[PDB]
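Chemist: My sequence and its experimental structure, below.
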Amino acid sequence: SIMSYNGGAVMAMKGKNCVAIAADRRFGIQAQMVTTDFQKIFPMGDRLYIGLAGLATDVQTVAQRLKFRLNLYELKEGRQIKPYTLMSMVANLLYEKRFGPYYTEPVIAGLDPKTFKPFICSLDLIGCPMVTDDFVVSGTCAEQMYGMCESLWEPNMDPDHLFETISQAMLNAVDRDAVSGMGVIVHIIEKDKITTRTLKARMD
Amino acid sequence: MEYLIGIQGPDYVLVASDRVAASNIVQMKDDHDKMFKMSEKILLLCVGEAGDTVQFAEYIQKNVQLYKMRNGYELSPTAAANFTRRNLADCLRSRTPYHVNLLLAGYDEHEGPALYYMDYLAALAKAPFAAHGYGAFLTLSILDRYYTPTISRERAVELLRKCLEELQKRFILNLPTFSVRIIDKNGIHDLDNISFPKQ
Amino acid sequence: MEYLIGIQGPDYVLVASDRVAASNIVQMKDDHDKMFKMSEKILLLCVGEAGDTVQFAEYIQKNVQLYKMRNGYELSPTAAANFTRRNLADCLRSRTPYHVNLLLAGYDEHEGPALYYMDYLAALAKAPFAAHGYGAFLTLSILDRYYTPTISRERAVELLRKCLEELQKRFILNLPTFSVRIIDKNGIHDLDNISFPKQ
Amino acid sequence: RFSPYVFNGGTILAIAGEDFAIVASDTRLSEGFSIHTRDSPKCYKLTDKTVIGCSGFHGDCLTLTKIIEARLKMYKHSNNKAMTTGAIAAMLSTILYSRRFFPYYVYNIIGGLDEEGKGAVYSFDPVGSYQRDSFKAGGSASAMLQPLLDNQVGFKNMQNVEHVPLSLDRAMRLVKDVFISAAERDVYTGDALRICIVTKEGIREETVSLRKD
Amino acid sequence: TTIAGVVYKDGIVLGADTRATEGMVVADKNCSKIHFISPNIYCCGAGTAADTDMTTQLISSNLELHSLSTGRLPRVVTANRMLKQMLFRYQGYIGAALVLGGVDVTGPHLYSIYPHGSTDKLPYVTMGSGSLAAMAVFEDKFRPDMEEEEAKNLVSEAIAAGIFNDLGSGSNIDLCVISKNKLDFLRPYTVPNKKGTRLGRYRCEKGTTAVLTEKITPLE
Amino acid sequence: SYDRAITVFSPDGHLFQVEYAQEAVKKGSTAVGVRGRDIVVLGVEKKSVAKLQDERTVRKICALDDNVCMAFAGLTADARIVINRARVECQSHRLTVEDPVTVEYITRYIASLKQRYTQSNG
Amino acid sequence: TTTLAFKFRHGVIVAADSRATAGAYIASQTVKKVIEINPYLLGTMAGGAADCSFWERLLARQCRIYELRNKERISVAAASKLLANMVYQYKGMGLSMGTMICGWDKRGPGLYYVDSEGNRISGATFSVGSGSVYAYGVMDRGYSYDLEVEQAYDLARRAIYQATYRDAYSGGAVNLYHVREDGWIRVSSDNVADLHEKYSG
Amino acid sequence: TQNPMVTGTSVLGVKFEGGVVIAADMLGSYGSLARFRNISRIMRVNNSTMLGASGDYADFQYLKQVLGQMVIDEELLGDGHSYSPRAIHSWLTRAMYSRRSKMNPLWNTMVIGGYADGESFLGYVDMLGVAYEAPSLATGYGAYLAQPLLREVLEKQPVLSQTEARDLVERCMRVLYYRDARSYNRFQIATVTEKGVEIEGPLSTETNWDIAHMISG
Amino acid sequence: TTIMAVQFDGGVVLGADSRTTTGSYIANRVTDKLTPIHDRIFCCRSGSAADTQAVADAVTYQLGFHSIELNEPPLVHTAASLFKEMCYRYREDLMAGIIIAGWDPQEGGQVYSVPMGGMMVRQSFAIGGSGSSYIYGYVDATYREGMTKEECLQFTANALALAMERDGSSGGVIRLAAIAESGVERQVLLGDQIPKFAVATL
Amino acid sequence: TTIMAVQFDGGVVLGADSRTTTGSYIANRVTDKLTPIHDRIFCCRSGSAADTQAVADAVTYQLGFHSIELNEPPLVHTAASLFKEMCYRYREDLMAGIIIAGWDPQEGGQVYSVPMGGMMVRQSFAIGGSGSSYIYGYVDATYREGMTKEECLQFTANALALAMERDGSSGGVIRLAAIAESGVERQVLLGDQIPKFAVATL
């Protein structure tokens, strides 16, 4: 498959007044790993991140064109973008290529810049949006991530517990996938700060 | 089949490539150069399809030179790498895609030495060391085994020699000679060719 | 990929083969022997598919040895060649055909030195000199250019060296070492290996 | 043309403890997008110390099951004893490999007791490659169950946590939890869950309800 | 996916399930499959999700323009025409299967619209992987000129049939009731499916995850 | 095919056909063999020296392989059969196993062959 | 899968990873890829697990029968030849098998590569599997016939490890056996996560 | 059979109190052609079991022949033993799996109903050897149309009378006649009780077409 | 699908079944396959539902504009020619078998066939669709020059009943429509109104 | 090919066209498709000529030996069963549509169909072959219980005429054969003897 060509995993998780997004760090070509510091999570404003898994080229390209349109948005209007709006923007961007799609399944995680209400979503390769109140996943180890997230996720979690949960989910899901891993990175974001961590992970 | 390799040190980038131009079962050229000067401090190592390599590489080259002539200053290795990556990515879903794998070595006055890896799908990845081709499968591990971020250029050349010797030992393809260049603060310097006097 | 070569002189047969056992992109063995002793004065150079070569060659070998033990005298190179050709031809349209190309070198007390060429289709052809493999395409002409029926074994070895050097120069496959044997009135003699100290 | 295989779904789990073995499965038999039945468990009691779970193509499951039964009886007649768990594992390996060129589309997991009374799990591939495991999930939702079990039973990726052996109680609630999550995410897993517990006392069977969608 | 629609005495009842699957894995347990077209017109969507989304949104937009210009409430025939012509133009490459229902000056109207651009005007319709079950329910228990609660019960029964008999369907039931002077958008008219209560607490405590690198970034 | 028991038990528990075979051996030319340290020698008696006969064609000492030789006594034709079968097996041993042949191995093969002919129909 | 084996002065070192995949999914990380055929015969597992295990088990049976019949133990060459001949009859039928038969013999340390394709070659060093190319890189850079035992162990372990690093289908644990004249000994079974901390820092 | 020719569509079955009822239309279709509109697709197999078949009719006739011979062969002995429904089901399973494994299948999907020892039996057998038991069964389009109705009833009232079952069956057959383009308005109902196997002759389904006049509005 | 059109003196008679299938499943058991193109011009549709609906709409549009621009009742031959143009120009992209029939003050009652190729021919009677195959003989042995309107009605009714009985892709209800200068008389034969034929017993 | 068989009181009536084609070319415009299996048992062939000829010969052989061994006139059902066995056992290698019909002192006049699958069913009337498709309706609306022999003759004649008119793989001449206890009465309808039907003009 095309999506499995580079592999990779991206997850987002809701908390109390916080939100989390994580991704593995491997960039490989089929069986061969090329790099272990590949960026799959991109800041799209303060307290609003997007996660892209799938074909590495389209990860980078979608990220870049997204930053393009986003910057134009934040210039024309005098405000940072709302999460729903970013989701609709990405959806539009992906559906423009309905018959020649980018091979990425984006995940959005952020807090409403006006309020603080956490928001998460995921999209098709052709931009079908899906919002949940618990978690979203995308990647070559989707079934694994589903398995972990359905068993670990509690509703009203505090930053520390959200962290531990999303970290354990990502680690244990990725460790049952050959083309995902070589490290994990987690952004846990709340109203006042953003914590970025790299997990101690297997490198095989 | 073609081999590229790059090793980044603290203040230099070492690059090497095979010198064989092959077709069918014969070597047609034994002094072929895979490298392309794009600035005073940037090298582009291009490999792959027959016409696509030179066409793409030279297009990029003349555009970088154009930037230099239009603005007075040169592109940074990063800006260059992202430029070639943008060009390669835009042609991907077009009628005329380019089957090229490439390395971009460079030295910036600010950010220092840089080594970029590019797949033919146009995925850009910065790395301390990289390689392209079948030979990579036999060489990367060696690098993994012996590379340290503070490696001297002398030790870098020695390591390179280890990889190429391994190629001489296990690889079924010939590859008797290797172009070797190095980039630093003073620009691109040509090193003596690593060769193995077969016949 | 595998290379065989045979050169017939007035009273000797010179044979040589590459020493590489390769799979995928790696050389797995570098001291592989393509030759099979079948009598005191017969060599069988077999090449081709993975299991078929050894299976076929050894079958033939044990049958020739069986003939020797059953009758007291050995088979002639001609009778041997036609025997292997018959076996190879009978299996051709069967469920289990053998993808083998082969040379048969020999010396008879009566008819003298002999060199036989066999296609995988089991076509038998006596020749003054022959070769198997991709390398043949680069070597045969050389032989054509420099072979005379009264060539000395010294000159034969020199010519062989010319062919192998050509292989080192144009062939994309590695092939650094070569088994060399010679058959005459006194039997099979092992000559020093023709090698090219790459690394 | 004609295909001799069809995927019938089903999830299967087995855990090995110090003095027990659990073999659990859902009870849904499905084909394509439909439900054939909601009462079709994938667990089969072989001996008083051994249970086998079979998932995949139902025809092969049935056939394989009956073959195993017949061959157990044969070993008994021939040796005047019952087959140990390991012996059943090995025999199964040969039975599966006899069809190397027309395989049983069956993922098998054996769970039971060895001759020391300790818990034993054997996992198989359709051609009889088999190994021994602490715990293994097979079937449609296997990829959902495996990583949690690697976490909660193997303590993988967990820092400063005591390595206490798995008790029967905890194992049971674990099985129930993973099947409950799987029933949420796998369209093939649901309707009901049958658990077979194997101890020196014999074989217990428990049934828990799962959602019917 | 199981979507259905029916025509009763005072208007129209639309029904849908809420499961969204990627392959044979449930991605969404609470997908909304009943789309706004106009204040008096709604549309259930099966098939390719993105295509139903964009098609339905586009038509909603064009219809808002239309009614804004006309100053009148949109007709269902209009929605049907726009949808079917757009879809025919794309020759089935837009995988939108739709149940379109609304109330006009001419009354209640229910169409089923196929991705190739064919439509059918019928008192009851079903679309999706679970459509045959729902259709069975309709063909067994449908009568003309039903009352509101009866119609809601029938539709919810059909959607339930789909939910429990189709692996593509599941979770909740959404209804949308449209009459000459009322609009009841019952999000979840029914939750016949529930996750079993957690027997365990797999809560991980702080420090159980080993960390290699940390970096705190203060905001504002 | 011919499926009749030739070799059977007698009331006293004897295999008569085997005994008669042994008599046939007892009517054979005398053959002796001795083992030394670095040499082994075998010698056969009456060569039926007709002098009008080519000795080479009537030798009772054959070689099975480069490693193993053999003498015999009894029915020369039967000996030819057993000898050639032994030769085939000597080569098949080299095929199936890289190593050559042990004396005990080929002896065991020949012995088993004879026994087989003492217990087979026809 | 990544397996390697090399012979030196003190016997035969055999090493393997332990990962087994079904597509991208990791089915197991506890696979015994070094097959104990005998107390004196080691095999390896690459390609199809079932094919290797079954056929080398059949090999073990045949070797035992050989030992009973001939009152001596089979040679490494005869064992490998036996296996190769058994496998050759199913050529073209789809058997996937790349194994290394390692032992100690009258000819000393023996090491044969046997293919499902038909190959059967003796040699000093071998590596089989999707990670073989990576293991060859370090093994060749470190190999010597005059290696010390601890040096040999470290070399094999490191080669398998680097292989696990680069190859997505290799990982789990590094298992290491040593074949000596008196039989083989199970040397080590280290986890990759441990080796990571040992090697990197 | 590699290519089925004349075929029959859905077969229905449902257990009730002290019995089992099976339904099937009397149509053999040649592709889309309703070619043979008066064939029985239900067989009486001894006194405690009965069989209905979807799929290739020729293969069904073959199975009918073999089974008939088996029953006769058994009843010749008169040893106070007879094939139970579960036994016929087992045998049929083994047969279908055997043919499947020879890559020469019997293109049938069969429903076996029976009553013996105070218990109702209902079994499904595939052409691949997929077999199982259930309180309700429906082959082909019945599996998509009739089965949701049957299950809906049986999960609100597991125990049915013969009349409730017969009514249910008639409604299901009606739905099939509405939505299955390869069915026929002429069917058989077979019932097993302790009194034996009864096969009721050609029955028609009443149909309603009022929705024909709901075009405009 | 089984469609049929018979011409009589004062006009024409149209008939169609009501079954629309997607495979063996009946997506609509009560389809309207008689489609008004103008006040006295109808078309019978067979083939792809999308194609025939689209084409019919387009032709209705064109013919409407045409008739307004001429200020005359449009010719049946004109509607038929429009269908012919569309169906021929896009013959590789359309799957449609059409029967255009109606009344016209200039040429009276007329029936035209526009089969899958895109050719056009006028006929005394026309049949089309999957089921038509089964009633060629009947319609050939039953037809008679100079039928009355009611005779043509009974005729099409019978033929369609037979076709629906035999064809699996045909069935449901019968839709009839008589067209003349008088106007359009549509009716529906369902259940027992549908003609039956003695089925073989012993 | 169009074959047909109708059962009446005293026996049966057989009819077939005479066209055998290889592509669009007519290799034989005067084929005999009514083949005697016994003194009062005939078969109508359709499908591969080689297959049907071979099978018919084999069945004739078997049935002959059988009837001699029983010393009784063979049952029609028996010949039909023989055809059924062959056609079912080799269903993947034969292309044959057979109609076995005849008279029998035990069960009287009977008609059995053995279509391509290898199933067997008794029918009041049976039709087969490519042309049969076009006369299903006619034969369904024209059939009537209790026809006389001559009525069945005229019946099959008409049906076959219609089929031959419509089907390209059918045509040539009509072959009829009545079978009863009396014996076998074969006749041939050619040219103008073949029933004609009023063809549409204006």
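Modeler: Structure received. Residues are numbered from 1 along each chain as shown, chains lettered A, B, ... in the order given.
Chemist: all strands of chain H, in order?
Modeler: Under the criterion DSSP state E, strands of chain H are mapped to H:6-8, H:12-16, H:19-25, H:28-30, H:33-36, H:42-45, H:49-56, H:108-116, H:119-125, H:131-133, H:136-138, H:187-193, H:196-203.
Chemist: which neighbours does the longest one have in its sheet, and in what orientation?
Modeler: Each strand paired with strand H:108-116, and its direction, by DSSP bridges: strand H:49-56 (antiparallel), strand H:119-125 (antiparallel).
Chemist: picking up where we left off before, with mean neighbour count as added columns, please give the strands of chain H in a markdown table.
Modeler: For the C-beta atoms, the positions are set from N, CA and C on the backbone; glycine is no exception. As requested, the strands of chain H are exported to a markdown table (neighbours: other CB atoms under 10 Å in any protein chain shown):
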| stretch | mean neighbour count |
| --- | --- |
| strand H:6-8 | 26 |
| strand H:12-16 | 26 |
| strand H:19-25 | 26 |
| strand H:28-30 | 22 |
| strand H:33-36 | 21 |
| strand H:42-45 | 20 |
| strand H:49-56 | 27 |
| strand H:108-116 | 27 |
| strand H:119-125 | 22 |
| strand H:131-133 | 19 |
| strand H:136-138 | 27 |
| strand H:187-193 | 22 |
| strand H:196-203 | 14 |
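Chemist: For residue F:25, which of these is the nearest?
Modeler: Closest approach to residue F:25 among the strands of chain H (CB to CB): strand H:131-133, 67.5 Å.
Chemist: For that closest one, give me every contacting residue.
Modeler: Outside strand H:131-133, the residues that touch it by CB atoms under 8 Å, 6 or more residues apart in numbering or on different chains are D:29, D:36-37, D:40, D:58-59, D:62, H:89, H:92-93, H:96, H:121-125.
Chemist: again, but for stretch F:52-64
Modeler: Under the contact criterion CB under 8 Å, 6+ apart, stretch F:52-64 has outside partners C:69, F:29, F:31, F:42, F:44, F:47-48, F:69-73, F:76, F:79, F:83, F:86-87, F:90, F:101, F:106.
Chemist: What parts of chain I come near chain F?
Modeler: Within chain I, no position is near chain F by CB under 8 Å from any CB of the partner chain.
Chemist: Go through the contacts of strand H:131-133 and name the one nearest residue C:154.
Modeler: Distances from residue C:154 to the contacts of strand H:131-133, taken by CB to CB, are shortest for residue D:59, at 74.4 Å.
Chemist: mind checking the SS state of that closest one?
Modeler: Taken by DSSP: H, G, I helix; E, B strand; the rest coil, the conformation at residue D:59 corresponds to helix.
Chemist: residues touching it, list them.
Modeler: Residue D:59 sits next to H:97, H:100, H:126, H:128-131 when contact means CB under 8 Å, 6+ apart.
Chemist: three-state assignment of the residue of chain B found nearest chain J?
Modeler: In chain B, the residue that lies nearest chain J is residue B:95 (44.1 Å; CB to the nearest CB). Following three-state DSSP, residue B:95 is assigned to coil.
Chemist: One more: residue E:160?
Modeler: With three-state DSSP as the criterion, residue E:160 reads helix.
Chemist: Next, name the residue at the spatial heart of chain B.
Modeler: Chain B has residue B:45 as the residue nearest its centroid, 3.2 Å off, counting by CA atoms, centre = their mean.
Chemist: What residues does that one make contact with?
Modeler: B:4, B:6, B:15, B:17, B:34-36, B:102-105, B:132.
Chemist: 6 Å instead, please
Modeler: B:4, B:15, B:17, B:34-35, B:103 (CB atoms under 6 Å, 6 or more residues apart in numbering or on different chains).
Chemist: Likewise for residue H:209?
Modeler: Residues in contact with residue H:209 (CB under 6 Å, 6+ apart) are I:173, I:190-191.
Chemist: Which among those count as buried?
Modeler: I:173, I:190 (16 or more other CB atoms under 10 Å in any protein chain shown).
Chemist: which one of the contacts of residue H:209 is nearest chain D?
Modeler: Comparing the contacts of residue H:209 against chain D with CB to the nearest CB places residue I:173 closest, at 30.4 Å.
Chemist: How much space separates the closest one from residue I:98?
Modeler: Computed as CB to CB, to the nearest Å, the residue I:173 to residue I:98 distance reads 21 Å.
Chemist: got it, and residue H:21?
Modeler: 47 Å.
Chemist: Using PDB, write out the CA atom coordinates for the helix ranked longest in chain E.
Modeler: Counting by DSSP state H, the longest helix found in chain E is helix E:49-70. Extracted C-alpha coordinates of helix E:49-70, given in PDB (Å, rounded to 0.1, in the frame of the first residue of the first chain):
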ATOM      1  CA  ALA E  49     -18.600  10.200   3.200                       C
ATOM      2  CA  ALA E  50     -16.600  13.200   1.900                       C
ATOM      3  CA  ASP E  51     -18.600  13.200  -1.400                       C
ATOM      4  CA  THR E  52     -21.900  13.200   0.500                       C
ATOM      5  CA  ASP E  53     -20.600  16.000   2.700                       C
ATOM      6  CA  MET E  54     -19.400  18.200  -0.100                       C
ATOM      7  CA  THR E  55     -22.400  17.500  -2.400                       C
ATOM      8  CA  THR E  56     -24.900  18.200   0.400                       C
ATOM      9  CA  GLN E  57     -23.000  21.400   1.500                       C
ATOM     10  CA  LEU E  58     -22.800  22.700  -2.100                       C
ATOM     11  CA  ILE E  59     -26.400  22.100  -2.800                       C
ATOM     12  CA  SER E  60     -27.300  23.700   0.600                       C
ATOM     13  CA  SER E  61     -25.300  26.800  -0.400                       C
ATOM     14  CA  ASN E  62     -26.800  27.100  -3.900                       C
ATOM     15  CA  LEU E  63     -30.300  26.700  -2.400                       C
ATOM     16  CA  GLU E  64     -29.600  29.400   0.200                       C
ATOM     17  CA  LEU E  65     -28.600  31.700  -2.700                       C
ATOM     18  CA  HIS E  66     -31.800  30.600  -4.500                       C
ATOM     19  CA  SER E  67     -34.200  31.200  -1.700                       C
ATOM     20  CA  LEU E  68     -32.400  34.500  -0.800                       C
ATOM     21  CA  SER E  69     -33.000  35.700  -4.300                       C
ATOM     22  CA  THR E  70     -36.600  34.300  -4.600                       C
END
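Chemist: does chain A sit close to it?
Modeler: Yes. Helix E:49-70 lies within reach of chain A by CB under 6 Å from any CB of the partner chain, at E:49-50, E:54.
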